[PDB]
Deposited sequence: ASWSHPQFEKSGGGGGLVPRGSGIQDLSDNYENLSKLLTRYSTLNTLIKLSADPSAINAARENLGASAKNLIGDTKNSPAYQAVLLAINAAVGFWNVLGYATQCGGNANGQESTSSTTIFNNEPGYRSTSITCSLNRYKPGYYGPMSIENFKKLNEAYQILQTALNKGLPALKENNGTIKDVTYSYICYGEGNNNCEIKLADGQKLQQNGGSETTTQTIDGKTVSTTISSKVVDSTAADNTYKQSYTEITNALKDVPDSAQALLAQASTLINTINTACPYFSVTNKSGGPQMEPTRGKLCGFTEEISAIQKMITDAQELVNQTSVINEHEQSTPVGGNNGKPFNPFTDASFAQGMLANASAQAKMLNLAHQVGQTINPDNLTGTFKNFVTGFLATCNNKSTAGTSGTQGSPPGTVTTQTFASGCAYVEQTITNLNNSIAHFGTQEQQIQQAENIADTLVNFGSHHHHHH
């Protein structure tokens, strides 16, 4: 126990320095200036921002996960999770085997846990996949840009075979959508905003030219318009994507190519990958908590100068709480960003989870194409710039070294003032 302040500051002199600054408006204002500049580094920059790189990493991990395993994931049936006697249902722009389509055509077996994924769940997954791949390709906005949108996310699937009812679409009023040439408007709520969808149906007969299936089919085209592309929005689509896999927990059996890196175990249930899916869920959760600080930083602008009569840290210090909230929010953003990297960075991983990441998720088998590109060799590899993103996260963090100090200092000056400011 120290009786008085001189003994205390002889010892911890950096503290003496801190008190000197906390009583000096020009220092306090220079810190406030910095909080502004770093704030812009996080929530306004993109490539230079740990925060941004972390959000991108989380999303990419989720997408990558599905690129790696979705060709192997079995699926089928008819609507409402029912088995089918003879229903092939094909989803376009998916990382299928030697293909840019995944075919869901497993009959008789009952969709569910340790079974095929229902077409109902596949549809849900697919939407998120298409949205995310499109956003990734367009490029993600800086964190502050929470009012942007993707002009057009479009995808189709086709239905064929006896009794296949997956392409019958029921509407908001109740009437069935006209199977041949019909066209209509869903809306839904993504994020907190309303998004028009144009659903359109189309029948193609077996005789008709270029029908490479030689069987009469129904094609459903979904055209979404003005889809929000904020972090908060896309994280939510990732969340859907991964949770839909985890919840449906379908059966998967990979064809392990010789020479390559080796999948373990070779067949099973997708929610079996518990380490990987936890990581991906945690990453998304941390990134959401990361993007939440954006609203705390905005709510406490630090531009207005502080300072008439000489400055009095005991009474002139209302701004302090705001400053502290802001600095603490920035430091949380940084730490959460770091943490997102650490969850997946294979430098810290062991055994089967590490090999998933180095062997499969981190890799790509196209020849590098822009983000969001599905190709006929996309499957069995992440194809989502994980390794690059982990690297760019680090690079961004390393170029944040100064700012991080400034944040800490601001936080500490603010704290000192709140502290003096109490008493009253």
{"item": "Regions left out of the model, expressed as runs of the deposited sequence counted from 1", "value": "1-29, 337-339, 400-408, 466-469"}
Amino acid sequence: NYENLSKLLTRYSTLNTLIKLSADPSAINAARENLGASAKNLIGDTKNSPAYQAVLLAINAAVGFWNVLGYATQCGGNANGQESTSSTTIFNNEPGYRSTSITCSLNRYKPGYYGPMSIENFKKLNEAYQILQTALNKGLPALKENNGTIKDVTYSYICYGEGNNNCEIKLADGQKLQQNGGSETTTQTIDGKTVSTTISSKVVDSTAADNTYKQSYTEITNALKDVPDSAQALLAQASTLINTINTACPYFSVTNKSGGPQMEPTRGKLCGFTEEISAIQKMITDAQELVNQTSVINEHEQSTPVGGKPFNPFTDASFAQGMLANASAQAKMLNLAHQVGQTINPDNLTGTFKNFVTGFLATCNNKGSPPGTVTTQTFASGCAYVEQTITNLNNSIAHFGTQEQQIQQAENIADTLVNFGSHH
From here on, numbers count along this sequence of modelled residues.
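The term rigid core refers to the maximal set of C-alpha atoms that superpose within 1.5 Å between the two forms.
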query	finding
Core-aligned Cα RMS comparison in 8 other deposited structures of this protein - stretch that moves more, 332-340 or 308-316	308-316
Residue range whose averaged C-alpha B-factor is higher in the record, 87-95 or 196-204	196-204
Comparing 74-82 with 172-180, the one whose average Cα B-factor in the PDB entry is higher	172-180
Residue, from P370, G36, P50, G382, that the PDB entry assigns the highest Cα B-factor	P370
Selection from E289, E264, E276, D229 [criterion: highest C-alpha temperature factor in the record]	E264
Entry-reported Cα temperature factor of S22, expressed as the chain third it lands in	middle
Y129 CA temperature factor, ranked by third within the chain	lowest
Modelled-residue ranking by C-alpha temperature factor, third containing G112	lowest
Third of the chain, ranked by Cα B-factor, where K269 sits	middle
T402 CA temperature factor, ranked by third within the chain	middle
